[PDB]
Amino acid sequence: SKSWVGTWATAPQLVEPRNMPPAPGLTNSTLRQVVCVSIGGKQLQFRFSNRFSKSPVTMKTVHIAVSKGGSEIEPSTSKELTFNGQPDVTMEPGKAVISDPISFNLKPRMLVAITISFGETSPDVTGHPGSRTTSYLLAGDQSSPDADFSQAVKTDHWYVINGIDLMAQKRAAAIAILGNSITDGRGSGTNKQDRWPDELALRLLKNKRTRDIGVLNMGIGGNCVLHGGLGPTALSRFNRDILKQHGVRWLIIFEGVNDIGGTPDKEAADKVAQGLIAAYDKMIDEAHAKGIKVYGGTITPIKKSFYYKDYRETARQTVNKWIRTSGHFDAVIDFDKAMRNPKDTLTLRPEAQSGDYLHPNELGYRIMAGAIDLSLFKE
């Protein structure tokens, strides 16, 4: 009667040189990373990705523990993961691995420290640069629960880790969210776990009816839906990052500003607008065929940002009109209406953005999550 439901995930990509780990690098080193789950549970599995690496990657050991903030853990909580009973595993080029199931007291919104000791790794690294969370690197094998990381090399990126799922009853399910930096959390506080999907998770957990609903943030900073951008496009990654998650019953699509922002003139921008509409229809249809409800987020303002052009704003309005009026999404989450300045509706609210008039700040992300009707997540 129980099956796997995702509680935390992060979308993988090939890490760009500028986002690579600092010295001493991952090979023959130990890396501690912190994630913030949504729903809690008692039996977990941990997923690790090598999808964008062309060499095998060996994890000599992986441990999990309750994070106490920073690089510290509660050592009495530490447990070793296994992979077919063994502590060590090698991922094949392009492939992922899933740990053996493990018992762990996972509480809602718990901060979990995942500590990996690596052997040989791949210089093309699979990871998630926009972690909004500091990770900690030490040379050598520092897998003891009493290892001192207080002086580890800090890096504000995630590498390798991909998801945590837990066993749950029929009442439990997850929302998967596809987006760019506005969803990945540029402008949110580092180590504050306060991206808009985190704020939604908080609202769900506090509302008794939605307490068993988890949140899978598949945002990628700088991502595009159609072509270009950072990381694999939303269309390319849709199957892996959305359709293959466990227990997903709803998908929020909130993405496309970077496609619009890349266009050099009216004709290209109008073509992107139609391309985004077609891509939304495609992803709606594919999710529907798997029983998933799809909610569309309107693209938020860009005036006063580096992206603004009169013809890009036109394309944004074309897309938003289709989101609001086509009826093809199962419901509309009107982030544009929530985030736009009432006195200048083409620009973000000044106090709710990070200075660039594109990415919200922490208040903005709370306003965004607060504008979501939780009755959209029933059963």
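In case it trips you up, residue 1 is the first one in the sequence shown, and so on.
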| query | finding |
| --- | --- |
| Selected stretch [higher average CA B-factor]: 142-150 or 227-235 | 142-150 |
| Per the entry, higher mean C-alpha B factor between 342-350 and 47-55 | 342-350 |
| Out of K107, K244, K95, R132, highest CA B-factor residue | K244 |
| Residue with highest C-alpha B-factor in the PDB entry, from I116, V215, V89, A278 | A278 |
| CA B-factor placement of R186, once the chain's modelled residues are sorted into thirds | lowest |
| Cα B factor band for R249 (lowest, middle or highest third within the chain) | middle |
| Modelled-residue ranking by C-alpha temperature factor, third containing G163 | lowest |
| Assigned third (lowest, middle, highest) for the C-alpha B factor of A371 | highest |
| For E80, the third of its chain into which the C-alpha B factor falls | middle |
